[PDB]
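Student: Could you have a look at this structure, given as structure tokens, before my questions?
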Amino acid sequence: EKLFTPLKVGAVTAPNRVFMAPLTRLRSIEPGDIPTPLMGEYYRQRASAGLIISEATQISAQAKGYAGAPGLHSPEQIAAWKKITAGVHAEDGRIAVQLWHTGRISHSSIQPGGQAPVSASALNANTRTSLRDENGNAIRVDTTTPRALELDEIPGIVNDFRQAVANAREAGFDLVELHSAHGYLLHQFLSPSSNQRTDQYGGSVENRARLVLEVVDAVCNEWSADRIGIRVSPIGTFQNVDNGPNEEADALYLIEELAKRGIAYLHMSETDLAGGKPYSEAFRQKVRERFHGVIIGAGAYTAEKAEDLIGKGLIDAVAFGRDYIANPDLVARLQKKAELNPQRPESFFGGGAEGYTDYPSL
Ligand SMILES: Cc1cc2nc3c(=O)[nH]c(=O)nc-3n(C[C@H](O)[C@H](O)[C@H](O)COP(=O)(O)O)c2cc1C
């Protein structure tokens with residue numbers, strides 16, 4: 001067994017390879033998109049994870065696409081997150097903040113001024129997002145057609161990521177994870193399906209990856225490369241965003257570029273929740289030889305698969321999502337081969353303590 005052995009992850013050392021995947025739970029306070037004491041308790045319960053990766057967190061107000069998702073742009077958000085990171089650290093844990101801009105997976109009613117959200121191109125996501133009704137309950141609503149970002153707006157987006165990373169450092173996070181996956185803004189630029197731009201930010205893979213690499217460079221400069229991770233979902237289709245007709249070659253291009261920056265980790269979300277083709281070992285070897293930091297695998301992993309791939313030298317750690325929702329002490333349960341608590345999906349999004357902090361430890 002290697003799941004319970006330490007791993008250096010950039011600036012920190014994880015005591016095990018069982019990571020908590022980023023999980024949107026939509027329990028923040030509105031107005032203000034403010035983390036809560038309840039959220040602090042939830043993360044503190046899970047502090048035995050080798051690394052906690054937070055729920056996706058807005059870099060700016062414009063970044064918002066879901067009612068109840070937190071931000072890391074305002075003073076009140078920074079103050080609230082400081083308490084959460086302090087609670088994890090009090091339990092000897094480590095926590096990364098996942099930073100996103102939702103782009104076109106959003107609704108005008110939660111954008112600044114009630115205006116259309118932004119994207120690479122003016123193409124509707126053709127999906128739904130989660131808003132809140134008059135009683136504060138989560139509801140699903142069709143996405144608003146976005147406005148294409150103007151060329152002169154792109155530096156502002158890069159700056160918002162830079163500033164959110166500075167804020168993350170002050171808030172006490174150990175690392176940041178850039179959300180470059182699952183059809184959100186960075187992936188909207190990466191994918192030919194969502195990017196029809198004819199400037200230097202669309203067309204070729206070099207142009208499509210330009211934004212995310214500008215963001216990586218800005219955040220490495222702001223903090224340090226050994227504090228930066230990135231999540232990608234570059235093989236398959238995710239929330240209607242595919243990866244184009246040359247997905248493998250394009251993925252390897254992006255990974256080679258990321259490696260040049262010497263960042264802490266590469267987190268691969270391998271399949272959508274609705275499933276997808278498995279990664280071949282040949283593709284895993286190609287990824288492995290191109291990236292010199294930690295590789296985290298995710299997507300319906302079992303402990304057995306994690307051990308198999310870690311043992312083969314193809315990945316270093318595994319992020320578990322739904323098992324971490326239901327099992328605060330997942331590390332101890334996997335180590336002891338204990339049964340897991342059953343999942344209650346109806347309370348994954350929104351609500352309060354029920355289905356959030358009420359899954360017992362052993
Ligand atoms: C309720 C829920 C919320 C999620 N929120 C996020 C998120 O904020 N960021 C992200 O990158 N992935 C998100 N995902 C994907 C998970 O990080 C994870 O990759 C996925 O659940 C597959 O892993 P699992 O089979 O271990 O649950 C979410 C998944 C679920 C079920």
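Note on naming: chains are A, B, ... as they come in the structure tokens, residues start from 1 per chain, ligands start from 1 in the order shown.
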Set out as a tab-separated table a contact list for segment 326-349 of chain A and segment 31-42 of chain A with a cut-off of 12 Å, giving each residue of segment 326-349 of chain A that qualifies its closest atom pair and distance in Å to one decimal, counting only C-alpha atoms, ordered by chain and rising residue number.
Tutor:
residue	atom	partner	partner_atom	distance
A:326	CA	A:42	CA	10.9
A:327	CA	A:42	CA	10.8
A:328	CA	A:42	CA	8.1
A:329	CA	A:42	CA	11.4
Student: Pull N, CA and C atoms from the residues just selected and write them as a compact mmCIF listing (two decimals), in the first residue's frame.
Tutor:
# COMPACT_ATOMS: atom_id res chain seq x y z
N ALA A 326 -19.34 12.19 1.91
CA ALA A 326 -20.00 11.29 2.84
C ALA A 326 -19.11 10.77 3.97
N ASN A 327 -17.79 10.97 3.90
CA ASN A 327 -16.89 10.34 4.86
C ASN A 327 -15.80 11.33 5.26
N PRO A 328 -16.00 12.06 6.37
CA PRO A 328 -15.00 13.08 6.74
C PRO A 328 -13.63 12.47 7.01
N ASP A 329 -13.65 11.27 7.59
CA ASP A 329 -12.46 10.48 7.90
C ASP A 329 -12.21 9.40 6.85
Student: Excluding residue 347 of chain A and any residue of its chain fewer than 6 positions from it, enumerate the residues within 12 Å of it, using only C-alpha atoms, and give them as a VMD selection string.
Tutor: chain A and resid 24 to 27 137 to 138 322 325 to 326 353 to 359
Student: Would you mind listing, for every residue of chain A within 10 Å of ligand 1, the two atoms forming the shortest contact and the distance between them in Å to one decimal, using only C-alpha atoms and all ligand atoms, sorted by chain and ascending residue number, as a Markdown table?
Tutor:
| residue | atom | partner | partner_atom_place_in_ligand_line | distance |
| --- | --- | --- | --- | --- |
| A:19 | CA | ligand 1 | 26 (O) | 9.8 |
| A:20 | CA | ligand 1 | 17 (O) | 8.0 |
| A:21 | CA | ligand 1 | 17 (O) | 4.4 |
| A:22 | CA | ligand 1 | 17 (O) | 4.4 |
| A:23 | CA | ligand 1 | 5 (N) | 3.4 |
| A:24 | CA | ligand 1 | 5 (N) | 3.7 |
| A:25 | CA | ligand 1 | 1 (C) | 6.1 |
| A:26 | CA | ligand 1 | 3 (C) | 9.0 |
| A:53 | CA | ligand 1 | 17 (O) | 8.7 |
| A:54 | CA | ligand 1 | 8 (O) | 7.3 |
| A:55 | CA | ligand 1 | 8 (O) | 4.3 |
| A:56 | CA | ligand 1 | 8 (O) | 3.9 |
| A:57 | CA | ligand 1 | 8 (O) | 7.6 |
| A:69 | CA | ligand 1 | 8 (O) | 8.7 |
| A:98 | CA | ligand 1 | 9 (N) | 7.1 |
| A:99 | CA | ligand 1 | 9 (N) | 8.9 |
| A:100 | CA | ligand 1 | 9 (N) | 8.5 |
| A:177 | CA | ligand 1 | 11 (O) | 9.0 |
| A:178 | CA | ligand 1 | 11 (O) | 9.0 |
| A:179 | CA | ligand 1 | 11 (O) | 6.1 |
| A:180 | CA | ligand 1 | 11 (O) | 8.2 |
| A:181 | CA | ligand 1 | 11 (O) | 6.4 |
| A:182 | CA | ligand 1 | 11 (O) | 6.8 |
| A:183 | CA | ligand 1 | 11 (O) | 9.9 |
| A:184 | CA | ligand 1 | 11 (O) | 9.4 |
| A:230 | CA | ligand 1 | 11 (O) | 9.7 |
| A:231 | CA | ligand 1 | 11 (O) | 6.7 |
| A:232 | CA | ligand 1 | 11 (O) | 8.3 |
| A:233 | CA | ligand 1 | 11 (O) | 8.8 |
| A:267 | CA | ligand 1 | 11 (O) | 9.2 |
| A:268 | CA | ligand 1 | 19 (O) | 8.5 |
| A:269 | CA | ligand 1 | 19 (O) | 5.5 |
| A:270 | CA | ligand 1 | 19 (O) | 7.9 |
| A:271 | CA | ligand 1 | 22 (C) | 7.4 |
| A:272 | CA | ligand 1 | 22 (C) | 7.2 |
| A:273 | CA | ligand 1 | 22 (C) | 6.0 |
| A:274 | CA | ligand 1 | 22 (C) | 9.6 |
| A:275 | CA | ligand 1 | 22 (C) | 9.5 |
| A:297 | CA | ligand 1 | 19 (O) | 8.7 |
| A:298 | CA | ligand 1 | 19 (O) | 5.3 |
| A:299 | CA | ligand 1 | 23 (O) | 3.8 |
| A:300 | CA | ligand 1 | 25 (O) | 3.1 |
| A:301 | CA | ligand 1 | 26 (O) | 5.7 |
| A:302 | CA | ligand 1 | 26 (O) | 8.0 |
| A:318 | CA | ligand 1 | 26 (O) | 8.6 |
| A:319 | CA | ligand 1 | 26 (O) | 6.4 |
| A:320 | CA | ligand 1 | 26 (O) | 3.7 |
| A:321 | CA | ligand 1 | 27 (O) | 3.5 |
| A:322 | CA | ligand 1 | 27 (O) | 3.8 |
| A:323 | CA | ligand 1 | 26 (O) | 6.1 |
| A:324 | CA | ligand 1 | 26 (O) | 7.7 |
| A:325 | CA | ligand 1 | 1 (C) | 8.0 |
| A:345 | CA | ligand 1 | 1 (C) | 7.7 |
| A:346 | CA | ligand 1 | 1 (C) | 9.6 |
| A:347 | CA | ligand 1 | 1 (C) | 8.7 |
| A:348 | CA | ligand 1 | 1 (C) | 4.9 |
| A:349 | CA | ligand 1 | 1 (C) | 6.3 |
| A:350 | CA | ligand 1 | 1 (C) | 9.9 |
Student: Can you list, as a ChimeraX atom specification, every protein, DNA or RNA residue that comes within 12 Å of residue 225 of chain A when you count only C-alpha atoms, leaving out same-chain residues fewer than 2 positions away?
Tutor: /A:9-11,165,175-177,215-223,227-230,258-265,293
Student: Would you mind exporting N, CA and C atoms of the selected residues as an mmCIF file, in the first residue's frame?
Tutor:
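In the end it all went to result-v1.cif:
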data_model
loop_
_atom_site.group_PDB
_atom_site.id
_atom_site.type_symbol
_atom_site.label_atom_id
_atom_site.label_comp_id
_atom_site.auth_asym_id
_atom_site.auth_seq_id
_atom_site.Cartn_x
_atom_site.Cartn_y
_atom_site.Cartn_z
ATOM 1 N N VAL A 9 4.282 18.131 -2.217
ATOM 2 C CA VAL A 9 3.407 18.769 -3.211
ATOM 3 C C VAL A 9 3.765 20.252 -3.225
ATOM 4 N N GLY A 10 4.665 20.637 -4.119
ATOM 5 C CA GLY A 10 5.171 22.000 -4.108
ATOM 6 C C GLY A 10 5.709 22.373 -2.727
ATOM 7 N N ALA A 11 5.240 23.496 -2.186
ATOM 8 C CA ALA A 11 5.694 24.043 -0.893
ATOM 9 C C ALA A 11 5.263 23.266 0.344
ATOM 10 N N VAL A 165 -5.181 35.201 -6.302
ATOM 11 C CA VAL A 165 -4.067 34.422 -5.752
ATOM 12 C C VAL A 165 -3.369 35.193 -4.631
ATOM 13 N N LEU A 175 -1.983 26.354 -1.010
ATOM 14 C CA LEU A 175 -1.807 26.287 -2.462
ATOM 15 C C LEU A 175 -3.058 26.872 -3.101
ATOM 16 N N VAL A 176 -2.981 27.135 -4.397
ATOM 17 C CA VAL A 176 -4.170 27.475 -5.210
ATOM 18 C C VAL A 176 -4.264 26.465 -6.331
ATOM 19 N N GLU A 177 -5.510 26.163 -6.734
ATOM 20 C CA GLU A 177 -5.784 25.312 -7.905
ATOM 21 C C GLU A 177 -6.560 26.143 -8.905
ATOM 22 N N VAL A 215 -2.481 33.268 -17.425
ATOM 23 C CA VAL A 215 -2.924 33.183 -16.056
ATOM 24 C C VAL A 215 -1.885 32.442 -15.205
ATOM 25 N N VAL A 216 -1.408 31.292 -15.665
ATOM 26 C CA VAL A 216 -0.366 30.550 -14.936
ATOM 27 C C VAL A 216 0.864 31.431 -14.695
ATOM 28 N N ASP A 217 1.350 32.105 -15.727
ATOM 29 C CA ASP A 217 2.513 32.976 -15.568
ATOM 30 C C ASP A 217 2.244 34.103 -14.573
ATOM 31 N N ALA A 218 1.060 34.707 -14.635
ATOM 32 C CA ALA A 218 0.754 35.807 -13.725
ATOM 33 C C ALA A 218 0.726 35.332 -12.269
ATOM 34 N N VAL A 219 0.133 34.171 -12.015
ATOM 35 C CA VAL A 219 0.001 33.723 -10.635
ATOM 36 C C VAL A 219 1.314 33.174 -10.074
ATOM 37 N N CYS A 220 2.140 32.558 -10.914
ATOM 38 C CA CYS A 220 3.490 32.153 -10.495
ATOM 39 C C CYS A 220 4.312 33.372 -10.083
ATOM 40 N N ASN A 221 4.196 34.450 -10.853
ATOM 41 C CA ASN A 221 4.900 35.694 -10.559
ATOM 42 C C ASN A 221 4.364 36.349 -9.291
ATOM 43 N N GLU A 222 3.052 36.318 -9.095
ATOM 44 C CA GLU A 222 2.454 36.934 -7.922
ATOM 45 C C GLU A 222 2.880 36.250 -6.621
ATOM 46 N N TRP A 223 2.835 34.922 -6.599
ATOM 47 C CA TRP A 223 3.200 34.145 -5.441
ATOM 48 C C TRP A 223 4.477 33.361 -5.768
ATOM 49 N N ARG A 227 3.442 27.033 -5.355
ATOM 50 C CA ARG A 227 2.148 27.221 -4.718
ATOM 51 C C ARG A 227 0.980 27.011 -5.679
ATOM 52 N N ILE A 228 1.250 26.715 -6.950
ATOM 53 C CA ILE A 228 0.228 26.713 -7.998
ATOM 54 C C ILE A 228 -0.028 25.308 -8.524
ATOM 55 N N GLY A 229 -1.297 24.913 -8.469
ATOM 56 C CA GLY A 229 -1.790 23.732 -9.161
ATOM 57 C C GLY A 229 -2.802 24.141 -10.213
ATOM 58 N N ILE A 230 -3.134 23.200 -11.091
ATOM 59 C CA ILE A 230 -4.142 23.436 -12.131
ATOM 60 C C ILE A 230 -4.947 22.176 -12.332
ATOM 61 N N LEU A 258 2.727 23.796 -19.408
ATOM 62 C CA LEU A 258 2.618 23.924 -17.955
ATOM 63 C C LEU A 258 3.903 23.486 -17.248
ATOM 64 N N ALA A 259 4.527 22.418 -17.735
ATOM 65 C CA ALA A 259 5.749 21.909 -17.114
ATOM 66 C C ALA A 259 6.877 22.931 -17.102
ATOM 67 N N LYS A 260 6.943 23.764 -18.135
ATOM 68 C CA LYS A 260 7.990 24.788 -18.226
ATOM 69 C C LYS A 260 7.939 25.746 -17.047
ATOM 70 N N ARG A 261 6.754 25.932 -16.463
ATOM 71 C CA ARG A 261 6.592 26.854 -15.351
ATOM 72 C C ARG A 261 6.952 26.242 -14.001
ATOM 73 N N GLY A 262 7.150 24.930 -13.928
ATOM 74 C CA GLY A 262 7.597 24.318 -12.681
ATOM 75 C C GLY A 262 6.561 24.382 -11.576
ATOM 76 N N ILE A 263 5.290 24.288 -11.964
ATOM 77 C CA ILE A 263 4.207 24.401 -10.997
ATOM 78 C C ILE A 263 4.099 23.153 -10.107
ATOM 79 N N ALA A 264 3.376 23.302 -9.006
ATOM 80 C CA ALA A 264 3.320 22.268 -7.984
ATOM 81 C C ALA A 264 2.631 20.993 -8.459
ATOM 82 N N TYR A 265 1.505 21.107 -9.178
ATOM 83 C CA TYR A 265 0.777 19.924 -9.553
ATOM 84 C C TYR A 265 -0.125 20.115 -10.743
ATOM 85 N N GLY A 293 6.068 17.710 -11.824
ATOM 86 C CA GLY A 293 5.506 17.847 -10.501
ATOM 87 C C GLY A 293 4.547 16.709 -10.192
#
Student: I need the residues in segment 113-328 of chain A that are alpha helix (DSSP H) according to DSSP; give them as a PyMOL selection string.
Tutor: chain A and resi 154-170+185-190+205-208+210-222+247-260+281-288+303-311+322-326
Student: Running DSSP on the backbone, which parts of segment 250-321 of chain A land in strand (DSSP E or B), as a VMD selection string?
Tutor: chain A and resid 265 to 269 294 to 298 317 to 320
Student: With N, CA, C and O atoms retained, export the selected residues as a compact mmCIF listing (two decimals), in the first residue's frame.
Tutor:
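This went into out_15.txt:
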# COMPACT_ATOMS: atom_id res chain seq x y z
N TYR A 265 1.51 21.11 -9.18
CA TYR A 265 0.78 19.92 -9.55
C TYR A 265 -0.13 20.11 -10.74
O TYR A 265 -0.56 21.22 -11.06
N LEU A 266 -0.42 18.97 -11.35
CA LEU A 266 -1.37 18.81 -12.46
C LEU A 266 -2.47 17.86 -11.97
O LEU A 266 -2.18 16.73 -11.60
N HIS A 267 -3.71 18.34 -11.93
CA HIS A 267 -4.86 17.57 -11.45
C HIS A 267 -5.73 17.27 -12.66
O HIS A 267 -6.26 18.19 -13.29
N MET A 268 -5.85 15.98 -13.00
CA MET A 268 -6.63 15.57 -14.16
C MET A 268 -7.96 15.00 -13.74
O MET A 268 -8.03 13.98 -13.07
N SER A 269 -9.02 15.69 -14.15
CA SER A 269 -10.38 15.19 -14.03
C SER A 269 -10.65 14.36 -15.27
O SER A 269 -10.73 14.88 -16.39
N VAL A 294 3.76 16.91 -9.16
CA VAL A 294 2.78 15.92 -8.73
C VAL A 294 1.62 15.82 -9.73
O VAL A 294 1.13 16.83 -10.24
N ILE A 295 1.20 14.59 -10.01
CA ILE A 295 0.00 14.33 -10.83
C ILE A 295 -1.09 13.72 -9.94
O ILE A 295 -0.87 12.69 -9.28
N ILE A 296 -2.25 14.36 -9.94
CA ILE A 296 -3.41 13.91 -9.18
C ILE A 296 -4.45 13.40 -10.18
O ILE A 296 -4.79 14.11 -11.13
N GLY A 297 -4.95 12.19 -9.98
CA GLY A 297 -6.03 11.63 -10.80
C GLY A 297 -7.34 11.74 -10.07
O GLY A 297 -7.40 11.62 -8.86
N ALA A 298 -8.41 11.90 -10.83
CA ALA A 298 -9.76 11.98 -10.27
C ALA A 298 -10.79 11.48 -11.26
O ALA A 298 -10.61 11.60 -12.48
N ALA A 317 -1.16 10.87 -6.56
CA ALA A 317 -2.22 10.98 -5.59
C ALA A 317 -3.56 10.90 -6.30
O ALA A 317 -3.64 11.04 -7.53
N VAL A 318 -4.60 10.68 -5.50
CA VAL A 318 -5.98 10.56 -6.00
C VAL A 318 -6.87 11.55 -5.25
O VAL A 318 -6.77 11.65 -4.02
N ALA A 319 -7.73 12.26 -5.97
CA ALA A 319 -8.73 13.10 -5.35
C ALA A 319 -10.07 12.36 -5.42
O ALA A 319 -10.53 11.96 -6.50
N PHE A 320 -10.68 12.19 -4.25
CA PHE A 320 -12.01 11.60 -4.12
C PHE A 320 -13.00 12.72 -3.86
O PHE A 320 -12.76 13.58 -2.97
Student: Which is closer to residue 202 of chain A than all the others in A:112, A:90, A:188, A:340, using only C-alpha atoms?
Tutor: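 Once distances to residue 202 of chain A are computed over only C-alpha atoms, the minimum belongs to A:188.
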Student: Would you list the contacts of residue 86 of chain A as an mmCIF file with N, CA, C and O atoms, in the first residue's frame, taking every protein, DNA or RNA residue within 12 Å and counting only C-alpha atoms, but skipping same-chain residues closer than 5 positions in sequence?
Tutor:
data_model
loop_
_atom_site.group_PDB
_atom_site.id
_atom_site.type_symbol
_atom_site.label_atom_id
_atom_site.label_comp_id
_atom_site.auth_asym_id
_atom_site.auth_seq_id
_atom_site.Cartn_x
_atom_site.Cartn_y
_atom_site.Cartn_z
ATOM 1 N N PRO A 37 -19.254 29.844 9.127
ATOM 2 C CA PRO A 37 -18.790 28.921 10.161
ATOM 3 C C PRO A 37 -19.150 27.459 9.874
ATOM 4 O O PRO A 37 -18.357 26.574 10.154
ATOM 5 N N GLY A 40 -16.655 26.225 7.595
ATOM 6 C CA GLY A 40 -15.425 25.980 8.357
ATOM 7 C C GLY A 40 -15.447 24.633 9.075
ATOM 8 O O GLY A 40 -14.438 23.927 9.081
ATOM 9 N N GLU A 41 -16.577 24.294 9.688
ATOM 10 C CA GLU A 41 -16.712 23.019 10.382
ATOM 11 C C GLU A 41 -16.586 21.825 9.413
ATOM 12 O O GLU A 41 -15.873 20.855 9.696
ATOM 13 N N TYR A 43 -14.963 21.702 6.536
ATOM 14 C CA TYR A 43 -13.580 21.493 6.113
ATOM 15 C C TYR A 43 -12.715 20.966 7.272
ATOM 16 O O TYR A 43 -11.870 20.100 7.070
ATOM 17 N N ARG A 44 -12.931 21.474 8.483
ATOM 18 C CA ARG A 44 -12.176 21.007 9.638
ATOM 19 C C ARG A 44 -12.402 19.502 9.873
ATOM 20 O O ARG A 44 -11.461 18.788 10.216
ATOM 21 N N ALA A 47 -9.931 17.443 7.716
ATOM 22 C CA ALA A 47 -8.547 17.897 7.743
ATOM 23 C C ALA A 47 -7.501 16.789 7.753
ATOM 24 O O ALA A 47 -6.320 17.092 7.591
ATOM 25 N N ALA A 79 -11.679 37.628 5.104
ATOM 26 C CA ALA A 79 -11.769 37.430 6.545
ATOM 27 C C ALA A 79 -12.395 36.094 6.913
ATOM 28 O O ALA A 79 -11.950 35.397 7.810
ATOM 29 N N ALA A 80 -13.452 35.709 6.202
ATOM 30 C CA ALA A 80 -14.157 34.450 6.463
ATOM 31 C C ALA A 80 -13.276 33.256 6.074
ATOM 32 O O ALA A 80 -13.174 32.272 6.819
ATOM 33 N N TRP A 81 -12.613 33.330 4.927
ATOM 34 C CA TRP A 81 -11.733 32.226 4.523
ATOM 35 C C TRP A 81 -10.547 32.066 5.494
ATOM 36 O O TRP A 81 -10.088 30.959 5.722
ATOM 37 N N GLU A 91 -5.994 21.539 12.909
ATOM 38 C CA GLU A 91 -6.050 20.085 12.868
ATOM 39 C C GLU A 91 -4.912 19.471 12.075
ATOM 40 O O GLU A 91 -4.955 18.289 11.769
ATOM 41 N N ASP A 92 -3.877 20.255 11.783
ATOM 42 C CA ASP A 92 -2.685 19.790 11.070
ATOM 43 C C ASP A 92 -2.961 19.385 9.628
ATOM 44 O O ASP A 92 -2.254 18.544 9.094
ATOM 45 N N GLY A 93 -3.949 20.015 8.999
ATOM 46 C CA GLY A 93 -4.263 19.754 7.605
ATOM 47 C C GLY A 93 -3.640 20.751 6.662
ATOM 48 O O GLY A 93 -2.954 21.686 7.098
ATOM 49 N N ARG A 94 -3.889 20.555 5.360
ATOM 50 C CA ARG A 94 -3.446 21.455 4.300
ATOM 51 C C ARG A 94 -4.634 21.721 3.396
ATOM 52 O O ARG A 94 -5.415 20.791 3.103
ATOM 53 N N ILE A 95 -4.772 22.949 2.910
ATOM 54 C CA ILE A 95 -5.892 23.308 2.052
ATOM 55 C C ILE A 95 -5.476 24.222 0.913
ATOM 56 O O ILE A 95 -4.763 25.224 1.113
ATOM 57 N N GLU A 170 -2.903 35.699 1.445
ATOM 58 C CA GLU A 170 -3.270 36.378 2.689
ATOM 59 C C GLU A 170 -4.280 35.585 3.511
ATOM 60 O O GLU A 170 -4.222 35.583 4.742
ATOM 61 N N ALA A 171 -5.218 34.905 2.847
ATOM 62 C CA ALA A 171 -6.239 34.144 3.548
ATOM 63 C C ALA A 171 -5.707 32.870 4.202
ATOM 64 O O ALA A 171 -6.470 32.189 4.881
ATOM 65 N N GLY A 172 -4.448 32.525 3.975
ATOM 66 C CA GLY A 172 -3.817 31.409 4.655
ATOM 67 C C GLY A 172 -3.870 30.090 3.911
ATOM 68 O O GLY A 172 -3.487 29.075 4.470
ATOM 69 N N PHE A 173 -4.335 30.077 2.657
ATOM 70 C CA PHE A 173 -4.286 28.826 1.887
ATOM 71 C C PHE A 173 -2.833 28.381 1.676
ATOM 72 O O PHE A 173 -1.923 29.203 1.543
ATOM 73 N N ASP A 174 -2.638 27.075 1.604
ATOM 74 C CA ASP A 174 -1.339 26.476 1.319
ATOM 75 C C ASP A 174 -0.969 26.491 -0.137
ATOM 76 O O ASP A 174 0.204 26.581 -0.484
#
Student: Quick one: pull the distance between atom CA of residue 256 of chain A and atom CA of residue 213 of chain A, Å, one decimal.
Tutor: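 Those two atoms sit 11.1 Å apart.
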Student: Which residue, A:154, A:149, A:96, A:185, has the smallest gap to residue 12 of chain A when you use only C-alpha atoms?
Tutor: A:96
Student: With only C-alpha atoms as the basis for distance, which of A:313, A:75, A:6, A:192 is at the shortest distance from residue 121 of chain A?
Tutor: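 Counting only C-alpha atoms, the residue closest to residue 121 of chain A is A:192.
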Student: How many Å separate atom CA of residue 115 of chain A from atom CA of residue 102 of chain A?
Tutor: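 Going from atom CA of residue 115 of chain A over to atom CA of residue 102 of chain A, I get 14.5 Å.
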Student: Which one of A:250, A:361, A:257, A:316 sits closest to residue 331 of chain A if you count only C-alpha atoms?
Tutor: A:361
Student: I need the residue nearest residue 360 of chain A from this list: A:193, A:60, A:45, A:207. Use only C-alpha atoms for the distance.
Tutor: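 Residue with the minimum atom-to-atom distance to residue 360 of chain A: A:45.
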Student: Write out as a list in words the residues lying within 10 Å of residue 247 of chain A, counting only C-alpha atoms and excluding same-chain residues fewer than 4 positions away.
Tutor: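 In the requested format, the answer is residues 191, 192, 205, 234, 235, 236, 242, 243, 251, 252 and 253 of chain A.
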